[PDB]
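Undergrad: As numbered in UniProt numbering, residues 32 to 45, 47 to 68, 76 to 89, 104 to 117, 128 to 135, 152 to 161, 172 to 208, 225 to 250 make up the sequence shown, in order. Yeah, the Cβ is synthetic: ideal placement off N, Cα and C, and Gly gets one too.
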Amino acid sequence: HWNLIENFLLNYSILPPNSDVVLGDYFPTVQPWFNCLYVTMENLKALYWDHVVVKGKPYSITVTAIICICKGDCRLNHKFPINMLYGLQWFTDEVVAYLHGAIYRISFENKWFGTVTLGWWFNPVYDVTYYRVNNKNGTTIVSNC
Ligand SMILES: *[C@@H]1O[C@H](CO)[C@@H](O[C@@H]2O[C@H](CO)[C@@H](O)[C@H](O)[C@H]2NC(C)=O)[C@H](O)[C@H]1NC(C)=O
Ligand SMILES: *[C@@H]1O[C@H](CO)[C@@H](O)[C@H](O)[C@H]1NC(C)=O
Ligand SMILES: *[C@@H]1O[C@H](CO)[C@@H](O)[C@H](O)[C@H]1NC(C)=O
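#1: Examine ligand 3 and report whether any of its heavy atoms sits within less than 7 Å of the Cβ of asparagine 50.
#2: CB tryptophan 88 to CB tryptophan 225, shorter than 8 Å?
#3: Let me check understanding here. Comparing Cα to Cα, which of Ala85, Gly208, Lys158 and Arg154 lies closest to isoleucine 129?
#4: Identify which residue in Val105, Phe39, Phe227 and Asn156 has its Cα closest to the Cα of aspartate 57.
#5: DSSP on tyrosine 175, reduced to helix/strand/coil?
#6: Shorter than 7 Å, the distance from the beta carbon of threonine 244 to the closest heavy atom of ligand 3, or not?
#7: Under three-state DSSP, which class holds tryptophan 226?
#8: Thinking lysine 108 and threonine 204 are a contact (beta carbons under 8 Å), I'd like their distance in whole angstroms, please.
#9: Would you call the CB atoms of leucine 207 and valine 105 closer than 8 Å?
#10: Out of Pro48, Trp201 and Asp232, state which residue places its alpha-carbon closest to the alpha-carbon of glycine 135.
#11: Excluding sequence positions up to five away, which residues of its chain have a Cβ less than 7 Å from the Cβ of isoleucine 36?
#12: Tell me where the alpha helix (DSSP H) around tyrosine 187 begins and ends.
#13: What are the start and end residues of the beta strand (DSSP E) that includes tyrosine 193?
#14: CB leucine 41 to CB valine 247, shorter than 8 Å?
#15: As a quick exercise: from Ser44, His32 and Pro49, pick the residue whose alpha carbon is nearest that of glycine 243.
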């Protein structure tokens with residue numbers, strides 16, 4: 032089901049009219065995939088899927128559909160209806186969420202821990234994957250580089 036990865040990447044990229053660039057990020061992968076007293080995985084940088106808790110300090114982020132960022152005061156609270174791939178991506182100074190066809194971005198410094206617990226296929230991301238995108242001929246094309 033490569034088209035799921037391709038659609039994600041096409042939505043991520045939209047670039048200027050004449051772009052040919054390699055994008056290196058914690059993109060959804062195809063090698064590991066998991067489908068299961077809860078599951079714990081460590082050292083994740085991002086997590087994608089077709104109740105998820107990512108611990109951090111002072112802030113943490115969870116998805117139960129409702130997604131929230133709160134201490135332990153709240154910074155984010157969004158509710159939404161459900172070939173879209175969803176997921177969370179986090180960095181020292183920001184949180185990026187991919188939900189229901191929209192990309193959201195929140196800014197705040199937080200110490201993240203590589204600990205994620207969940208209670225439905227999951228796609229954990231441990232490292233950076235590179236993709237090349239080229240839209241120079243008017244159509245955006247995605248390939249490996
Ligand atoms: C980039 O590399 C991945 C493998 O890491 C390619 O994935 C293949 O996709 C086809 C369908 O298009 C599947 O039938 C293969 O089984 C997949 N390979 C593996 C190892 O799972 C991907 O197609 C490559 N990108 C492009 C544009 O070709
Ligand atoms: C995501 O891709 C879908 C097509 O699968 C498209 O309809 C939707 O508008 C895209 N979202 C963004 C933010 O580009
Ligand atoms: C752009 O390149 C793709 C891939 O080769 C091709 O399918 C598409 O038709 C091309 N666009 C134009 C306007 O030729």
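TA: The short version:
#1: One-based indexing of the sequence shown puts residue 50 at position 18. No; taking the cut-off as 7 Å, the Cβ of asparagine 50 has no heavy atom of ligand 3 nearer than that.
#2: Reading the sequence shown from its first residue, position 49 is the one you call residue 88. Reading the sequence shown from its first residue, position 120 is the one you call residue 225. Contact: yes.
#3: Here residue 129 refers to the residue found at position 66 of the sequence shown. Here the closest residue by C-alpha is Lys158.
#4: Position 25 of the sequence shown, counting from 1, holds the residue named residue 57. Of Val105, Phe39, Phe227 and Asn156, the residue nearest in Cα terms is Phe39.
#5: The residue labelled residue 175 in the question sits at position 86 within the sequence shown. The three-state reading of DSSP puts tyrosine 175 in strand, counting E and B together.
#6: In the sequence shown, residue 244 corresponds to position 139, counting from 1. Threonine 244: yes, Cβ under 7 Å from ligand 3.
#7: One-based indexing of the sequence shown puts residue 226 at position 121. Residue state, collapsed to three classes: coil.
#8: Locating residue 108 in the sequence shown gives position 55, counting from the first residue. Locating residue 204 in the sequence shown gives position 115, counting from the first residue. That belief holds up - the Cβ atoms of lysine 108 and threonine 204 are roughly 5 Å apart, short of 8 Å.
#9: As a working note, residue 207 is residue 118 in the sequence shown. As a working note, residue 105 is residue 52 in the sequence shown. Contact: yes.
#10: Working through the sequence shown from its first residue, we reach residue 135 at position 72. Comparing Cα-Cα distances from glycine 135 to each of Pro48, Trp201 and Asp232, the minimum goes to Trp201.
#11: Taking the sequence shown and counting its residues from 1, the one referred to as residue 36 is at position 5. Contacts found: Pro60 and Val62.
#12: By one-based count along the sequence shown, residue 187 stands at place 98. Not the alpha helix (DSSP H): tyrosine 187 falls in the beta strand (DSSP E), residues 183-188.
#13: The residue labelled residue 193 in the question sits at position 104 within the sequence shown. Annotation for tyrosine 193: the continuous beta strand (DSSP E) segment containing it runs 191-196.
#14: Position 10 of the sequence shown, counting from 1, holds the residue named residue 41. Position 142 of the sequence shown, counting from 1, holds the residue named residue 247. Their beta carbons are under 8 Å apart, which means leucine 41 touches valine 247 by this criterion.
#15: Position 138 of the sequence shown, counting from 1, holds the residue named residue 243. Here the closest residue by C-alpha is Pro49.
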